[PDB]
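Structure first, commentary second.
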Amino acid sequence: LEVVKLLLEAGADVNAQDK
Amino acid sequence: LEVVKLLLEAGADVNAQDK
Amino acid sequence: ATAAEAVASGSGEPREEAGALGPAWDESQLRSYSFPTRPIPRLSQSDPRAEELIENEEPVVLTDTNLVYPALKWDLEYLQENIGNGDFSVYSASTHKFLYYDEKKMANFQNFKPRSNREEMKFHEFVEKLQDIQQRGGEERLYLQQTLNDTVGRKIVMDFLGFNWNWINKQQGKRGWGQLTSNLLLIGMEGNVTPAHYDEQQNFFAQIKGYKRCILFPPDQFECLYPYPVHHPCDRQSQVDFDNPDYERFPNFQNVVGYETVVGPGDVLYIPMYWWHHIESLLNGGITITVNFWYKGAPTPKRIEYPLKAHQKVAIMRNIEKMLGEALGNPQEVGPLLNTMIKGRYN
Amino acid sequence: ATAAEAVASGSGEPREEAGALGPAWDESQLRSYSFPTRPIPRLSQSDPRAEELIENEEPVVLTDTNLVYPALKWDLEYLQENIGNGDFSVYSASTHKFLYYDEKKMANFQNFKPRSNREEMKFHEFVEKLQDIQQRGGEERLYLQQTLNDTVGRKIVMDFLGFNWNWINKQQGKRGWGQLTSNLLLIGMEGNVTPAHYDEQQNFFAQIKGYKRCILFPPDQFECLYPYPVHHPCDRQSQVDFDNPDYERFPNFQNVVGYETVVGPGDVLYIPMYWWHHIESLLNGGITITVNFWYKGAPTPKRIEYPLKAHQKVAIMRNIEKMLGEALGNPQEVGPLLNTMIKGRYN
Ligand SMILES: CC[C@@H](CC(=O)C(=O)O)C(=O)O
Ligand SMILES: CC[C@@H](CC(=O)C(=O)O)C(=O)O
Ligand SMILES: [Zn+2]
Ligand SMILES: [Zn+2]
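If you're matching them up, the sequences are chains B, B', A and A' in order. A prime marks a further copy of an entry chain.
Just so we're aligned, residue 2 is where the first sequence starts under the authors' numbering, counting upward by one.
Just so we're aligned, residue 2 is where the second sequence starts under the authors' numbering, counting upward by one.
Just so we're aligned, residue 3 is where the third sequence starts under the authors' numbering, counting upward by one.
Just so we're aligned, residue 3 is where the fourth sequence starts under the authors' numbering, counting upward by one.
Right, here's the structure in full:
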């Protein structure tokens, strides 16, 4: 869709190991 | 859509000035 | 510059505890680093300045939220008796630095040898191994880091219900944040250090027992802190050894300037999304207990305003590295391609 | 290495012309450069080797296509009488190098001062200004570069119909190329040079009059040729001055190796998509006339096969620069952000 929105989308990773 | 296809899409620019 | 060296007050004078119980801590309990720091504001929940800092995504220590008031009675004995028999992740380290690494990304970097090892354990086993290390003058170090889930005892559940959800829920709503994703319980030994890193979530950092020195850096110092590659196990963590900074590889770490504070029982530190933070348990301060509140950040606004904020560029840089690793079919080819784009072209 | 210095034969021995008319040219008409070169194959249309080079997107000089047989009678007089009264773009230069620049991108780089100036003119005006420069021993240089359109005379249209469309149309179909986008007519003065660049289209380069030395480099030498930034007016052109290479800024130009050939009337050079090419009209060889055939490249295949070919990485690098310029809202911020991503992280 909008290339700008694709590049601005933030993740949600934190310092907590995933299972 | 597919991020890989977006980045692989080629342009078509040549050494001919556009109007 | 005279006023600059003075404005870098660190955490300021140690707080004096009620009832004339002396200084909560002394400067000698803080590790020595190469960079200057400022104090983070310590304000009341009702102070409008505190409200202005949170909405503007700037750190602030809130002194009277009662966010985890029922949890201020927590100690190893109380928790061992009531936190249930669930499995608790406990990292073990030969050193004081507990650098976070993503196990799932260790395949991409098979040359990476972590110095922290995770081990699932029952909480009574943690207290036991904790007691053994003490009784034997051992140099081993432990740091419990476990998300709080369904497998906790009833009284611990009652303590949870007693949290000041009215206050934090209102904060979540007034900032447009997403859901609460987890509450990480943190029990560490004096001297333990979590090296500098940033999180992609908003964080209310609620101190319970012991004291923790928190050194923060705004997102616009990305250039000075040199995170690992996105696909490296230590994604989002700084490559700089704060104890022995390598200025040849990391020259701009000589321009880093931090925001610093020491939180104690009852304090809540707002660690804004994307803000770097270095957490260390004060030397000879006993164990530390903390519970954080991780919230998803607000969505991307409909209309984008230029110039972009620092954190937006960080979001862009992260996504660039991600899709190149995806398109190239191999994370380890991201470096070479980017260098090819730059050398003799943008540098 | 003894056999390497010998394998770098350049364009080989100059062709001898039928009827014992002597060497078509001599080595002294070729400019001197710093890099070694190999000969491009000169083969017949019917040679299966020529078919294998085109499908594999490698350059090849085809000697007997008759692609522009009706156009081999073209000279300034014939064209002045029959190419109509349309406007013809004619670049003017103080130097022999006619570096291509995109006028539409000159706003992003307002510090860029081109040394070639375009000027619309009637073809008889071009022949006139061409004749004046000669008659006055002037050092000014001209290079006509005009797409052929509806405004050309009838006989020039008849020459076009007489092109070997059967052969080239079959090539277009067997390679899956897109449409024919244009035919660029090229009339230049002896000594004129089009510095190294690559095109995002397939090209059949049909020489008509005079001789042109064509030096090609495969797409995998992107690292050695240092194109301008995508948003720079000279996008796709090399930053390296082939006459005075700056090895401090462009160190890997000392590893460049080219494929070279001299085409003359009747020759057709396949310049594959993405392949760099440096075109120069032989010194003291009179005017040169050429007509190219630009075709859109085949689409991206459904399934991608790894590892990616060099040209695919070039496509990726170009797109990265494009969307960063779009997302950052300013082309000139692409450089700083990329350096921020790299320094101390991938270099
Ligand atoms: C991850 C544990 C760390 C806290 C932190 O970095 C955070 O809540 O995000 C700490 O206190 O050592
Ligand atoms: C653009 C004119 C140039 C040819 C070329 O580069 C091409 O057809 O793509 C040349 O002959 O000077
Ligand atoms: Zn953190
Ligand atoms: Zn070209």
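All residues carry an ideal CB built from backbone N, CA and C; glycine is no exception.
Check: Rounded separation between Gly193/A and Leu144/A - CA only; Outcome: 11 Å
Check: Counterpart residues of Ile289/A' in DSSP-defined beta bridges; Outcome: According to DSSP, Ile289/A' bridges with nothing at all.
Check: heavy atom of ligand 3 below 7 Å from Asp201/A C-beta; Outcome: yes
Check: Chain-ordered chain B' contacts of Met325/A [CB-CB under 9 Å]; Outcome: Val4, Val5, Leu7, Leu8
Check: Check: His279/A' C-beta below 7 Å from any heavy atom of ligand 4; Outcome: yes
Check: Proximity to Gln31/A' [Cα-Cα], best of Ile306/A', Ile344/A', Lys304/A', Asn286/A'; Outcome: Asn286/A'
Check: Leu188/A' beta carbon less than 8 Å from that of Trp278/A'; Outcome: no
Check: Alpha-carbon to alpha-carbon, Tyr200/A' and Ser118/A'; Outcome: 19 Å
Check: Beta strand (DSSP E) segments (min. 3 residues) lying fully within the region 60 to 146 of chain A'; Outcome: 62 to 64, 89 to 95, 118 to 124
Check: Contacts that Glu328/A makes with chain B' (C-beta to C-beta distance below 8 Å); Outcome: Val4, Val5
Check: Assigned secondary structure, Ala198/A' (DSSP; H/G/I helix, E/B strand, else coil); Outcome: strand
Check: Rounded C-alpha distance that separates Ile56/A from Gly178/A'; Outcome: 58 Å
Check: Neighbourhood of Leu74/A' by C-beta distance below 7 Å, restricted to the same chain and skipping five residues each side; Outcome: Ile210, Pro267, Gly268
Check: Stretch-stretch touch, CB-based, cutoff 8 Å, three pairs: the region 139 to 155 of chain A with the region 96 to 109 of chain A; Outcome: yes
Check: Nonlocal neighbours in the same chain, by C-beta distance under 6 Å from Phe252/A, ignoring five residues either side; Outcome: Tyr228, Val242
Check: Host alpha helix (DSSP H) of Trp167/A' (start-end); Outcome: 167 to 176
Check: Simplified DSSP assignment, three categories, for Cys226/A'; Outcome: helix
Check: Check whether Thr67/A and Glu262/A have beta carbons under 8 Å apart; Outcome: no
Check: Any non-hydrogen atom of ligand 1 closer than 7 Å to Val92/A Cβ; Outcome: no
Check: Which residues DSSP lists as bridging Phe252/A, in chain order; Outcome: Paired residue(s): none; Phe252/A is not in a bridge.
Check: Rounded distance between the beta-carbons of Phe244/A' and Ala198/A', thought under 8 Å; Outcome: 7 Å
Check: Cβ-Cβ distance between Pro72/A' and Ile42/A' below 8 Å; Outcome: no
Check: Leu150/A beta carbon near ligand 1 (any heavy atom closer than 7 Å); Outcome: no
Check: Span separating the alpha-carbon of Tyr93/A' from that of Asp104/A'; Outcome: 13 Å
Check: Any chain B' beta carbon closer than 8 Å to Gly178/A'; Outcome: no
Check: Test: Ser91/A' CB closer than 8 Å to a CB of chain B'; Outcome: yes
Check: Assigned secondary structure, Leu55/A (DSSP; H/G/I helix, E/B strand, else coil); Outcome: helix
Check: Beta bridge counterpart(s) of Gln148/A as assigned by DSSP; Outcome: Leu187/A
Check: Straight-line gap, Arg305/A to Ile322/A (C-alpha atoms, nearest Å); Outcome: 21 Å
Check: Limits of the beta strand (DSSP E) - the one that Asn205/A' falls within; Outcome: 204 to 211
Check: CA-to-CA distance, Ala208/A' to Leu69/A', given in whole angstroms; Outcome: 7 Å
Check: For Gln181/A and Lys172/A, the rounded distance between their alpha carbons; Outcome: 12 Å
Check: Beta-carbon spacing of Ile289/A, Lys214/A below 8 Å; Outcome: no
Check: Under 8 Å between C-beta atoms of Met275/A and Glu202/A; Outcome: yes
Check: Any 3 or more C-beta pairs closer than 8 Å across the region 309 to 317 of chain A' and the region 6 to 16 of chain B'; Outcome: yes
Check: Any C-beta of chain A' under 8 Å from that of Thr342/A; Outcome: yes
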